[PDB]
Amino acid sequence: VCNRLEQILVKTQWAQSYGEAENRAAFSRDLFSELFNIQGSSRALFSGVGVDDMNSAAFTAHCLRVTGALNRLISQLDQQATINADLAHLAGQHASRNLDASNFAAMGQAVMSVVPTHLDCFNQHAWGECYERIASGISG
Amino acid sequence: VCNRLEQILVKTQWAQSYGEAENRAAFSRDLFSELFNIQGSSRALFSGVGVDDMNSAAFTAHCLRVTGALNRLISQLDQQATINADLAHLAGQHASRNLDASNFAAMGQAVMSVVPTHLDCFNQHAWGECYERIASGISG
Amino acid sequence: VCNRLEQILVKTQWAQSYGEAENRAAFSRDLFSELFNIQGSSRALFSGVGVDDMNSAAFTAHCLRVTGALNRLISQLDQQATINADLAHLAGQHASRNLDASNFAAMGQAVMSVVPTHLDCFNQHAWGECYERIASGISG
Amino acid sequence: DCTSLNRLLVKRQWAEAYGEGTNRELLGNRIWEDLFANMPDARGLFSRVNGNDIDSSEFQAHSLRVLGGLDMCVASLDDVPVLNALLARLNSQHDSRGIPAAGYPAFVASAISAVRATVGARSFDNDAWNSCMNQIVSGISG
Amino acid sequence: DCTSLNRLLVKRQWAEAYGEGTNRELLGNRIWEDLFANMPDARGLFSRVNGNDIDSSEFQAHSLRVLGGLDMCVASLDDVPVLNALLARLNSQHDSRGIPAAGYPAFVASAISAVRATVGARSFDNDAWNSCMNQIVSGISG
Amino acid sequence: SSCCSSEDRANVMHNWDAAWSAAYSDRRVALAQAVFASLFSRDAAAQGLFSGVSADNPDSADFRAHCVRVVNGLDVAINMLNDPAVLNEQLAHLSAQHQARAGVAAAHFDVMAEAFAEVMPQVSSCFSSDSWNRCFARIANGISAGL
Amino acid sequence: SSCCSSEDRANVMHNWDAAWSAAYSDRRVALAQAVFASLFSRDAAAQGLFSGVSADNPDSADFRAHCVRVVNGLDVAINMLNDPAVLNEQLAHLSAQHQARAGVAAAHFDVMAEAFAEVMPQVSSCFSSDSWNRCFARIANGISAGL
Amino acid sequence: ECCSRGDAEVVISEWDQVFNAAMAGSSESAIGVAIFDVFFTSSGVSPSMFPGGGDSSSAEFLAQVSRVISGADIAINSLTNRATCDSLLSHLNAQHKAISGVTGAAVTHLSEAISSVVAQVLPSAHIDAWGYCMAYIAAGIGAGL
Amino acid sequence: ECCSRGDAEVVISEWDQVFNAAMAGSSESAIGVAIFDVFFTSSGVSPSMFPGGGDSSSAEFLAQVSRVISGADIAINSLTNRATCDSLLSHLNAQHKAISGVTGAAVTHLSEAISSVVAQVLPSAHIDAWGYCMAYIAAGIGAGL
Amino acid sequence: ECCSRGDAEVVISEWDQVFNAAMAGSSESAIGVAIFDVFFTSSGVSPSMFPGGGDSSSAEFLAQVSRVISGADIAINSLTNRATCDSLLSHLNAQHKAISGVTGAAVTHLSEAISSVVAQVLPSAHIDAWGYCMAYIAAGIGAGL
Ligand code: HEM
Ligand code: HEM
Ligand code: HEM
Ligand code: HEM
Ligand code: HEM
Ligand code: HEM
Ligand code: HEM
Ligand code: HEM
Ligand code: HEM
Ligand code: HEM
Ligand SMILES: [Ca+2]
Ligand SMILES: [Ca+2]
Ligand SMILES: [Ca+2]
């Protein structure tokens with residue numbers, strides 16, 4: 001899942017969307033905005049990071065950590081042993097939060113709702129495969 | 001599938017992407033460009049409409065008929081009996097072509113690769129539901 | 001001192017300089033910048049309002065109070081009994097600070113160094129008269 | 001007759017004229033200046049919403065209520081059962097207020113005149129607007 | 001009542017509407033077209049300044065005189081002793097001209113209407129303008 | 001206390017105007033119907049307050065017109081957020097109309113707020129939930145004031 | 001003969017409008033009072049012409065209103081310098097009003113001109129004395145014509 | 001020329017004015033039924049040959065009406081590129097050649113029904129440009145019929 | 001947020017509209033007296049505690065009124081920089097802590113008196129933005145009172 | 001101020017110059033290992049406390065290196081908004097407080113290792129702006145350590 005060619009499209013289009021964004025904080029906030037809009041039950045999971053005000057420093061910080069996590073993972077997609085280690089680390093940071101598969105499918109739809117709106121070219125399937133690669137590493 | 005609220009997002013975002021496109025011919029061509037890029041076996045199905053030159057009048061015409069079909073269907077999404085009749089008509093125009101489910105999933109990915117690149121707001125799930133509504137009506 | 005006609009020029013040119021300034025905080029800071037540049041001994045009088053960082057909120061605040069004081073006085077220049085009362089109030093807020101006449105002459109030169117640089121028309125003498133009116137009310 | 005095609009034109013031009021935010025207040029202003037100029041005795045009916053000062057907050061809110069009532073009806077012109085139910089409530093909201101029957105044709109003229117001035121005379125169709133406005137006031141007046 | 005706060009608003013909006021040079025003539029034009037449309041018998045009072053041709057030099061100078069008279073009063077609204085002395089002279093300048101008392105409330109309405117059209121209805125306060133204009137014409141009419 | 005700010009109002013008006021069908025009532029009926037379904041699901045008793053407009057038959061003309069009225073009421077108020085002096089008059093009006101309705105209480109507006117917060121994300125592109133919750137409060141508090 | 005030119009008129013109107021208090025009479029009283037003080041100092045007899053408005057008490061309402069009228073008269077005329085056809089009517093009007101005043105002679109307008117030429121440099125920023133003297137002549141000659 | 005580039009651009013502009021952001025996607029059905037009503041009168045063609053028998057209450061006809069408006073939208077929006085437009089017209093021509101009883105005159109009657117209904121809903125419409133560009137469309141769809 | 005950047009910019013804009021080039025420097029006194037009149041009614045505070053005893057004919061009070069409007073002008077014009085604004089509010093807070101009988105509620109009553117008088121003289125005023133930004137000012141001036 | 005807006009913008013600009021469209025997503029690992037090499041020397045900290053024991057051949061450490069560069073990228077790219085940056089620093093501060101043997105000095109040593117490696121790969125780097133903005137980051141991450 002997420003083969004060597006699919007990684008190229010995802011890395012490129014991540015760069016042209018996230019890596020060229022004027023306001024990385026807004027971009028990261030839009031992503032969690034969608035996720036909440038897609039799955040309102042997800043929002044309460046973030047009571048620890050000041051979700052109540054999505055423009056708080058505390059919540060903007062969380063959003064930046066996650067898109068930062070997304071960025072460091074997409075860059076190591078070709079380094080299978082490095083990312084597996086990094087994914088297992090992320091899995092341990094999510095295990096206590098009792099997440100389910102609907103949470104990860106919602107995050108993926110958020111991811112793929114936000115990313116193409118900052119592009120001229122989008123490969124849906126390549127992105128679905130490689131989001132699954134990450135979510136599957138994080139969900140366990 | 002494709003409930004009354006999901007229809008609103010799809011109709012709006014179809015309008016802001018397809019309905020605001022500078023060059024409806026290019027937009028329609030990009031869609032079949034992706035489909036072919038996503039599933040190279042699909043291309044030979046269009047030997048009747050001059051697929052060999054994707055910039056031919058014959059092939060641009062086909063692309064316009066299909067995005068026109070997409071447009072007339074999305075506008076009648078709320079008129080259940082009208083669209084069912086229209087979908088059954090489209091199904092009869094595709095039945096002889098021995099299409100399979102991979103063809104319709106590829107078309108959907110093409111649809112959802114092209115459409116968001118002309119938007120600032122995209123609801124992935126709403127679009128998946130309502131593309132399924134159309135494809136399921138056409139595939140039979 | 002500061003007759004009825006001199007008040008008109010001062011009120012107008014205060015408006016076209018201070019009242020049209022893009023950044024009233026910068027304008028007020030420039031004024032105390034000059035004063036310090038003109039009389040370095042004056043600076044230590046402001047140790048209570050964070051003079052050590054002239055861009056501090058504490059010191060910008062002081063600068064705004066003073067140019068605000070200047071503004072409310074220039075507007076009441078024609079209302080002799082009101083401004084005398086207001087000047088006597090300001091005199092009481094400065095009496096404990098053991099200021100001397102060189103301090104007030106330095107402030108005046110600061111005032112008349114800063115104000116004309118934001119104007120096309122300046123009447124030196126009218127301004128000297130009416131600054132003397134204020135300083136004399138404040139110094140006692 | 002407020003025909004299928006009449007309704008389409010009235011819908012499209014109403015949407016363009018009504019617009020957004022404070023610009024709705026512009027439309028409303030044309031109406032009441034014209035109405036109270038032609039029928040200045042009607043102004044007294046609006047004493048509770050300060051009809052003597054149409055630029056006040058009280059009358060501006062009333063003005064915007066009317067425009068919204070009108071917007072409901074234009075939006076429902078294709079759905080007569082819903083249209084009738086909206087006019088029935090509008091009818092309750094106007095009865096036993098001593099409103100002279102001449103106030104309605106006069107309001108229609110002021111409203112059509114304001115819309116014409118917003119969208120442009122050359123684009124305009126008085127027959128379609130009169131037919132559909134009459135179907136609306138016929139449900140209210142009484 | 002032309003209150004302290006009324007006077008402030010009338011002062012500020014008058015200053016914005018009155019303006020400079022030929023643009024004062026624009027204001028004056030709105031007034032007399034409206035006044036002579038509503039009360040066309042008043043036009044004969046202005047025979048000496050060519051009231052039949054409001055675009056002439058004679059009437060335009062008169063129009064600009066009135067606006068200046070009005071500007072004196074608005075400027076003096078905070079100084080009643082000076083205000084009264086200005087209205088007294090204005091009163092001499094209008095007596096024994098056969099001016100019907102209805103010409104004044106009508107002039108006030110035309111003037112307020114012109115000002116409203118210059119500064120914008122949404123910014124406007126009819127109560128404050130009517131109260132202060134009445135204090136002015138009460139000193140002139142008689 | 002968190003305020004419906006100038007920027008909050010622009011987001012709401014943008015989300016609203018962009019999901020709005022300017023010329024046709026089908027869409028605003030669909031929005032209100034999902035809202036009431038949500039509202040009645042959270043508070044099965046609330047439905048009894050709407051007997052006068054045939055709430056037990058959500059697909060009837062009688063109820064679909066109540067739908068148009070509520071949505072219209074909201075559209076007018078939302079569009080007045082840039083003229084809050086005017087907005088205040090309009091909410092005081094909505095307030096009195098809801099005081100005349102036996103059973104309606106401020107608690108119902110909290111459920112109504114939850115119903116819109118659930119439905120708008122499904123009709124509105126790029127929906128700002130924070131701006132909506134704060135300006136919906138601004139509007140709804142004005143209607144529920146006094147009851 | 002030197003003419004109040006198009007450029008002369010722009011300078012005057014600029015100096016005037018920039019020293020003008022649009023909303024308050026205090027300033028235009030102060031301008032007129034310094035003007036009359038100057039005028040009466042140059043011609044102690046002139047003051048007797050203003051007995052009808054209490055010239056012997058310059059701080060009285062009665063005289064302060066005469067101040068507003070003269071300044072207003074000038075402001076109207078100055079503002080008509082771009083429509084001189086209109087300006088001519090207005091000066092012919094001012095002319096007649098001053099013919100009805102026993103004692104007023106063209107010589108008084110020269111003293112009046114000196115009084116403004118002394119006072120304006122003290123209220124007006126960047127004051128163009130040449131443009132003023134020529135357009136004040138243009139205006140004052142029209143009022144004093146015939147007397 | 002007959003339906004020049006400037007003619008086409010006006011027709012596309014006004015067609016889009018009719019189907020603006022407010023009216024697009026809700027008014028096609030009422031437009032198309034009005035067009036057919038106008039067409040049945042002027043052509044004398046039988047509604048029975050159409051799906052649902054011309055019954056504007058019949059879902060079969062409403063969808064038939066939906067296709068016709070769409071095909072018109074498509075042909076019209078392609079007026080600026082005549083090579084692409086000729087191909088779309090030829091496809092429509094082939095589809096109607098497979099249909100018993102479609103005549104060149106009936107095709108002209110339907111194209112003109114579109115102009116006249118557009119003018120009814122858009123009074124400013126440039127009825128000459130529409131006349132020129134609908135006759136070009138009608139000649140392509142009804143060629144050899 | 002409560003009194004956002006957009007809220008502040010509107011309040012500053014409208015405050016400046018009230019004190020435009022015509023009205024600045026001549027209307028502060030009539031404004032401030034009107035504000036105090038509104039304030040004495042809503043607060044029930046005694047004019048006797050003020051210099052000149054609230055006597056709008058008293059030069060001592062007119063100057064007191066002049067300071068209050070100025071301090072408001074200063075605080076308002078600093079709304080765009082909240083760090084600077086908090087310091088100005090704290091200075092005013094310290095000055096009123098030195099004064100017997102200044103309560104948090106009376107401070108709110110005075111801040112609201114400013115909004116309402118501004119709305120009376122500027123009917124288009126955005127009374128919500130004023131409400132938000134005057135309550136932020138009133139909380140700073142009346143903190144711990 | 002220390003790490004002003006202009007300082008921050010330069011650091012972000014040069015950090016982005018290092019990670020331009022060519023180098024982003026392929027050079028993070030070689031950068032981070034170089035940073036750690038510099039850091040182990042200057043700090044004297046044991047590689048054994050790190051995942052994979054500092055072994056640049058160990059996938060566990062390469063991922064650890066990947067997190068550290070990312071967290072730096074995130075903190076740096078947030079330098080223009082200090083409220084957001086302080087929160088990110090506090091999260092990192094809490095994460096390292098949970099770790100036995102992280103000292104304030106070692107944190108300074110790691111922040112400085114980032115500047116020096118950036119200067120090695122970007123000779124034009126403004127080493128003063130980096131010094132100021134990395135010390136602000138190091139004080140946030142190593143607060144109370
Ligand atoms: C699949 C992609 C995801 C990535 C890359 C990701 C990344 C992260 C990161 C970097 C953190 C911060 C860890 C730290 O440094 O403390 C975090 C925390 C968290 N994540 Fe995710 N995450 C993902 C998916 C999800 C999903 C699907 C949900 C739930 C719908 C979720 C819920 C949370 C929660 C609840 C926290 C803890 C917030 C707190 O500290 O209170 N994450 N995530
Ligand atoms: C689900 C969305 C689809 C829509 C709205 C659609 C629409 C259309 C339309 C309008 C036509 C022209 C009919 C006519 O007027 O003659 C057509 C033809 C055709 N479609 Fe589709 N189609 C869809 C999906 C697909 C898929 C998934 C494939 C294959 C991968 C496909 C293959 C074809 C072929 C082979 C033709 C015939 C071309 C010819 O005339 O030689 N379509 N389609
Ligand atoms: C003549 C024009 C002046 C004006 C209008 C003026 C105005 C003011 C104002 C408004 C305050 C703040 C009072 C408060 O609200 O607490 C103040 C404080 C002060 N002024 Fe002035 N001032 C003037 C001249 C001077 C001069 C000439 C100096 C010294 C060179 C000076 C030194 C001070 C000091 C030391 C303070 C106290 C700062 C503190 O709180 O620690 N002022 N002035
Ligand atoms: C298409 C025509 C009209 C529409 C859509 C309309 C709409 C409305 C609406 C929505 C209200 C608010 C009802 C409420 O909440 O109490 C209202 C109130 C009212 N309307 Fe109309 N109206 C129309 C014609 C007229 C005419 C012609 C008159 C009189 C000449 C009139 C006089 C009134 C009065 C007196 C009220 C009550 C005012 C108050 O609240 O004190 N309306 N109208
Ligand atoms: C605020 C209200 C008014 C103001 C400020 C005003 C102002 C003036 C002024 C300054 C003059 C010039 C006096 C002179 O130098 O002879 C004048 C003349 C005159 N005004 Fe008025 N006026 C007002 C209302 C009216 C009204 C309501 C009427 C009649 C409907 C009227 C009729 C006249 C007439 C007949 C003259 C004399 C015309 C002439 O010179 O032949 N005025 N007015
Ligand atoms: C922002 C929130 C709301 C808005 C904009 C709104 C708007 C309206 C409007 C315009 C009407 C018609 C008034 C009339 O014609 O007399 C109405 C009626 C009514 N409303 Fe609301 N409303 C809101 C919230 C609520 C809530 C939360 C409840 C109760 C749960 C409620 C209960 C009712 C009832 C019982 C009626 C009368 C029903 C009938 O006409 O038979 N409203 N509302
Ligand atoms: C540009 C120069 C002048 C202007 C614009 C001007 C303007 C005016 C105006 C508007 C009036 C009121 C007319 C009325 O209500 O009847 C007036 C009155 C009068 N003017 Fe002038 N004037 C000028 C020069 C002079 C000079 C130089 C003198 C004599 C030295 C003079 C003597 C008088 C007198 C005696 C009156 C009547 C006083 C009264 O009302 O009791 N004027 N002037
Ligand atoms: C401007 C002229 C016309 C246009 C734009 C037009 C357009 C269309 C379109 C787009 C279709 C759908 C084709 C398909 O997907 O199978 C169609 C079908 C059809 N048209 Fe036309 N048409 C025109 C004139 C006519 C006329 C004049 C007649 C009758 C005399 C006619 C009779 C039919 C019939 C019977 C069908 C087939 C219904 C079916 O079997 O499903 N058309 N037309
Ligand atoms: C928005 C609220 C307020 C503002 C902006 C404000 C502003 C001011 C300012 C600028 C001063 C002058 C300080 C100095 O230079 O010494 C002052 C003084 C004073 N204020 Fe306030 N104030 C507010 C509320 C209040 C309230 C509510 C009270 C009474 C309950 C009050 C009572 C006083 C008194 C008695 C003084 C001192 C007069 C003196 O001793 O010279 N203020 N205020
Ligand atoms: C500028 C200074 C530093 C930055 C930016 C930084 C950044 C990070 C980041 C982003 C993580 C991952 C946190 C997580 O997701 O769990 C981390 C973990 C860690 N850091 Fe640092 N760090 C810094 C300094 C230091 C220093 C000086 C030491 C040692 C003395 C250190 C030791 C560790 C260790 C041992 C872990 C945890 C590995 C694990 O248990 O998974 N860090 N650091
Ligand atoms: Ca985009
Ligand atoms: Ca794009
Ligand atoms: Ca300069």
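Any value given below was found using the heavy atoms of this structure, including those in side chains, with hydrogens, waters and symmetry copies removed. Below, chains carry the letters A, B, ... as their sequence lines are ordered, and counting in each starts from 1.
- Between A:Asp30 and F:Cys126, the closest side-chain pair of non-hydrogen atoms is not below 4.5 Å.
- Using cut-offs of 30° and 60° for the angle between ring planes, the F:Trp132 and F:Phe116 rings count as tilted.
- Expressed to the nearest 0.5 Å, how far CZ of E:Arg116 lies from CD of D:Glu33 amounts to 4.5 Å.
- Salt bridge annotation for F:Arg138-F:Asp8: absent, with no cationic side-chain nitrogen under 4.0 angstrom from a carboxylate oxygen.
- Counting heavy atoms from C-beta outward, I:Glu112 and I:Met134 have side chains that stay 4.5 Å or more apart.
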* **Worked check of side chain to side chain contact (heavy atoms under 4.5 Å, CB included) between D:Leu67 and D:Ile31** => CA-CA 10 Å; D:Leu67 296 186; D:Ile31 305 184; 3.7 Å; yes

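- In this structure the side chain of F:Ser38 never reaches within 4.5 angstrom of the side chain of F:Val35, judged on heavy atoms.
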* Going through the checks in order, is the side chain to side chain contact (heavy atoms under 4.5 Å, CB included) test met by F:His98 and F:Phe109? -> CA-CA 11 Å; F:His98 284 84; F:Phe109 286 81; 4.1 Å; yes

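- With 3.5 Å as the limit, one finds no donor-acceptor pair spanning the side chains of I:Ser13 and I:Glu9.
- Inter-residue side-chain proximity for D:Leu45 and D:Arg97 is flagged as unmet; no heavy-atom pair is nearer than 4.5 Å.
- For D:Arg12 (side chain) and H:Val121 (main-chain N/O), a donor-acceptor pair under 3.5 Å exists by modelled atom type.
- Nearest heavy-atom pair, F:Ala23 versus D:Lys11, reported as atom, atom and distance to 0.1 Å: O-NZ, 2.7 Å.
- F:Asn15 approaches F:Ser125 most closely through the heavy-atom pair ND2-O, 3.2 Å.
- Side-chain contact between D:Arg43 and D:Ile54: present, with at least one pair of heavy atoms (C-beta onward) separated by less than 4.5 Å.
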* Stepwise side chain to side chain contact (heavy atoms under 4.5 Å, CB included) check, D:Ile136 with D:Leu87 -> CA-CA 7 Å; D:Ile136 292 172; D:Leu87 298 171; 3.8 Å; yes

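- Atoms CD and CZ, from B:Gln7 and F:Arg27 in turn, are 10.0 Å apart once rounded to the nearest 0.5 Å.
- Ring orientation note: the planes of D:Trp32 and D:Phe36 are tilted relative to one another, at an angle of 30° to 60°.
- Here the CZ-CZ distance, from A:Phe36 to A:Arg43, works out to 6.0 Å after rounding to the nearest 0.5 Å.
- Looking at F:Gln33, its side chain does come within 3.5 Å of a backbone N or O of F:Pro58 through a donor-acceptor pair.
- In this structure a side-chain-to-backbone donor-acceptor pair under 3.5 Å is present from D:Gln13 to D:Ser123.
- In this structure a side-chain-to-backbone donor-acceptor pair under 3.5 Å is present from F:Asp130 to A:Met54.
- The shortest heavy-atom contact between A:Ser113 and A:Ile38 is OG-CD1, 4.2 Å.
- Ring geometry for E:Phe124 against E:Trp129 counts as parallel: the plane angle stays under 30°, on a 0 to 90° scale with 60° as the upper cut.
- The shortest distance between side-chain heavy atoms of D:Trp14 and D:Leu70 falls below 4.5 Å.
- Using a 4.5 Å heavy-atom cutoff, the side chains of I:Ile12 and I:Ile76 are in contact.
- In this structure, D:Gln93 and D:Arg89 have side chains that are in contact, with non-hydrogen atoms separated by less than 4.5 Å.
- Checked by atom type and distance alone, the side chain of F:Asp17 never pairs as donor or acceptor with a backbone atom of F:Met13 at under 3.5 Å.
- Between D:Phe46 and D:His62, the ring-plane angle classifies as tilted under the 30° and 60° cut-offs.
- A donor-acceptor pair is defined here as one N or O able to donate and one able to accept, closer than 3.5 Å; no such pair exists between the side chain of A:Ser33 and the backbone of A:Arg29.
- Proximity of a side-chain donor or acceptor of F:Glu7 to a complementary backbone N or O of I:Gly6 within less than 3.5 Å is detected.
- Taking every heavy atom of both residues into account, E:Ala17 and E:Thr118 meet most closely at CA-CG2, 3.6 Å.
- Remark: D:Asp71 does not engage D:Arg24 in a salt bridge, criterion side-chain N to carboxylate O under 4.0 Å.
- Listed here is the closest heavy atom pair of B:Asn123 and F:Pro121: ND2-O, 4.2 Å.
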* To do: Go through the steps to decide whether F:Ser5 and I:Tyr132 satisfy the test side chain to side chain contact (heavy atoms under 4.5 Å, CB included), and finish with yes or no.
  => CA-CA 8 Å; F:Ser5 67; I:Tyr132 303 143; 5.8 Å; no

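- To the nearest 0.5 Å, atoms CD1 (D:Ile99) and OH (D:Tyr104) are separated by 4.0 Å.
- Of the possible donor and acceptor atoms, one in the side chain of H:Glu28 sits under 3.5 Å from a partner among the backbone N and O of H:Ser26.
- Taking the centre of each ring, F:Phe127 and F:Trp16 stay at or above the 6.0 Å mark.
- Not a single side-chain hydrogen bond (donor to acceptor under 3.5 Å, both in side chains) links A:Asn37 to another residue, sequence neighbours left out.
- Without hydrogens or angle criteria, F:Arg28 side chain to F:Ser21 main chain gives a donor-acceptor distance under 3.5 Å.
- The minimum heavy-atom distance between F:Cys4 and F:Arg9, with the atom names listed, is O-NH2, 2.5 Å.
- Between atom CZ of residue F:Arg42 and atom CD of residue F:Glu114 there is a gap of 5.0 Å, rounded to the nearest 0.5 Å.
- F:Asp75 places no side-chain N or O within donor-acceptor distance of the main-chain N or O of F:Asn72, the cut-off being under 3.5 Å.
- D:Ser113 contributes atom OG, which lies 5.0 Å from atom CG of D:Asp34 (distance to the nearest 0.5 angstrom).
- Of the N and O atoms on the side chains of F:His93 and F:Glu89, not one donor lies less than 3.5 Å from an acceptor on the other residue.
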* To do: Evaluate the disulfide (SG to SG under 2.5 Å) criterion for residues F:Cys3 and I:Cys3: first the C-alpha distance (whole Å), next the side-chain angles of each, then the deciding distance (0.1 Å), finally the verdict.
  => CA-CA 8 Å; F:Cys3 322; I:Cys3 184; over 6 Å; no

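- For the residue pair F:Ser95/F:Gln99, the side-chain donor-acceptor check at 3.5 Å is satisfied.
- Under 3.5 Å, the side chains of B:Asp120 and A:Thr117 contain no donor-acceptor pair of N or O atoms.
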